[PDB]
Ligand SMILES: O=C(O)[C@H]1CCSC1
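Here's a solo chain for you in structure tokens, the form solved without (3R)-thiolane-3-carboxylic acid (XH7).
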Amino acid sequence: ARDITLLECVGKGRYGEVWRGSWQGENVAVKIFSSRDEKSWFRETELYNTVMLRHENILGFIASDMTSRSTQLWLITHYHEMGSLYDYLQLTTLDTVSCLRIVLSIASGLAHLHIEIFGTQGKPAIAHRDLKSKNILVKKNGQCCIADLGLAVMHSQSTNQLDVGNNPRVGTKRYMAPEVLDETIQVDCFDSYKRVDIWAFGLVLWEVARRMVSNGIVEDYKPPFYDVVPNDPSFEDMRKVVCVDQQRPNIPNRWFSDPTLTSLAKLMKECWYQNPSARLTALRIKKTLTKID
């Protein structure tokens, strides 16, 4: 951190800022946490510090730094110049191959989080709890990697131990599952948080698929529920739409003339069941995406 120069702020919010920095000439991503989001900084750090968390589709950790006297919190990761999937989707259309590469890579990263790996260099099961296109980064190889583990929760099957932590920050409201919005989520059940990830993943699938061209037709980039909720929607705005109206992102008619998008639409709906138990697992989504190729 003492040998890094901040060059440009690639992202800002009430959470903090992410900066492009140079570390010995190599570009790095620098997330500067507000003192209010100190819990998120530690959760991400301890996962990267202790857990064997390394995968092609998880944002690569480099270093974490903190000085409190007031308090500055730094998380330094690899820098992906193409930006978030959210940014990338506004600027490019896709074909079948690149669309599948994107969503299969996300599914591969989510499966690796959710799967408990026993052993020495193993890992507990991890649920993300804030999955969204802005938290997924596009690499130059055309694959994606998941970022921002600040809300993540861990589970070990052996001890049946669930580390959820107390974080004042809740997930992004636009992506909250119905059981979160109606507050019926089993808060001490690890399976509940995985199923929350699957819901958000279904929404990201919809965001990507709209940008896949079929028969000369493509939709514009839109966030989930763009047509029914305002920008920066409230908890109550989301709950009315998802739980009362029971709305879900609409499937454009042109998708049903393309076999890939028809299969993706089927996948989406199997992430969007009101019943969290009915939703597919991450590993099953990855296998289905693989068969689509």
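Residue numbers run from 1 along the displayed sequence. Superpose the two forms; the largest set of C-alphas matching within 1.5 Å is the rigid core.
Practice prompt. Report the stretch with the higher root mean square CA deviation, pooled over structures and residues in 5 other deposited structures of this protein, choosing between 94-102 and 70-78 after a rigid core fit.
Written response: Most displaced of the pair in 5 other deposited structures of this protein: 70-78.
Item to complete: Could you tell me which of the two stretches, 279-287 or 18-26, has its Cα atoms lying farther from the shown structure in 5 other deposited structures of this protein after fitting on the rigid core?
Response: Most displaced of the pair in 5 other deposited structures of this protein: 18-26.
Worksheet item: Across the other PDB entries of this protein that were compared, is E183 absent from at least a third?
Response: Across the compared entries, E183 is modelled every time.
Worksheet entry | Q143 not built in a third or more of the other entries | No, modelled in all of them.
Fill in: Missing residues, deposited sequence, between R69 and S70 (class: none, 1 to 3, 4 to 9, 10 or more)
Going from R69 to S70, the model skips 1 to 3 residues of the deposited sequence.
Worksheet item: Per the PDB record, is the mean Cα temperature factor higher over 32-40 or over 262-270?
Response: Mean C-alpha B-factor is greater for 32-40.
Worksheet item: Looking at the entry, does 48-56 or 240-248 show the higher mean C-alpha B-factor?
Response: Stretch with the higher mean C-alpha B-factor: 48-56.
Practice prompt. Please pick out which of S214, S84, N166, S98 has the largest Cα B-factor as recorded in the entry.
Written response: Highest C-alpha B-factor among the listed residues goes to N166.
Discussion item. Quiz for you: based on the deposited Cα B-factor, which of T93, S133, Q157, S108 is highest?
Written reply: Going by the entry's C-alpha B-factors, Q157 comes out highest.
Discussion item. Ranking the modelled residues of this chain by C-alpha B-factor as given in the entry, is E116 in the lowest, middle or highest third?
Written reply: Its C-alpha B-factor, which the entry lists for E116, ranks in the highest third among residues of this chain.
Discussion item. Ranking the modelled residues of this chain by C-alpha B-factor as given in the entry, is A278 in the lowest, middle or highest third?
Written reply: Its C-alpha B-factor, which the entry lists for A278, ranks in the middle third among residues of this chain.
Item to complete: Can you work out whether the C-alpha temperature factor of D188 puts it in the lowest, middle or highest third of the chain?
Response: For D188, whose C-alpha B-factor we compare with every modelled residue in the chain, the answer is the highest third.
Worksheet item: Hey, what third does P223 fall into on Cα B-factor, ranked over its chain?
Response: Lowest third - that is where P223 ends up once the chain's C-alpha B-factors are sorted.
Practice prompt. Sort the modelled residues of this chain by their C-alpha B factor and say whether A177 lands in the lowest, middle or highest third.
Written response: Ranked within chain, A177 CA B lands in the lowest tercile.
Quick note: we don't show the form solved in complex with (3R)-thiolane-3-carboxylic acid (XH7), though the next part is all about it.
Discussion item. Counting any non-hydrogen atom inside 4.5 Å, which residue from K194, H112, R174, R211 sits next to (3R)-thiolane-3-carboxylic acid (XH7) in the deposited bound form?
Written reply: If I apply the 4.5 Å criterion carefully, the residue I get is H112.
Item to complete: Go through 35-43, 245-253, 227-235, 263-271 and give me the stretch that gets within 4.5 Å of (3R)-thiolane-3-carboxylic acid (XH7) in the deposited bound form, heavy atoms only.
Response: Checking each option against the 4.5 Å cut-off leaves 35-43.
Fill in: 4.5 Å heavy atom contact, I117 to (3R)-thiolane-3-carboxylic acid (XH7) in the deposited bound form
Contact with (3R)-thiolane-3-carboxylic acid (XH7), yes.
Worksheet entry | Residue contact check: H55 to (3R)-thiolane-3-carboxylic acid (XH7) in the deposited bound form, 4.5 Å heavy atom | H55: yes, in contact with (3R)-thiolane-3-carboxylic acid (XH7) in the deposited bound form.
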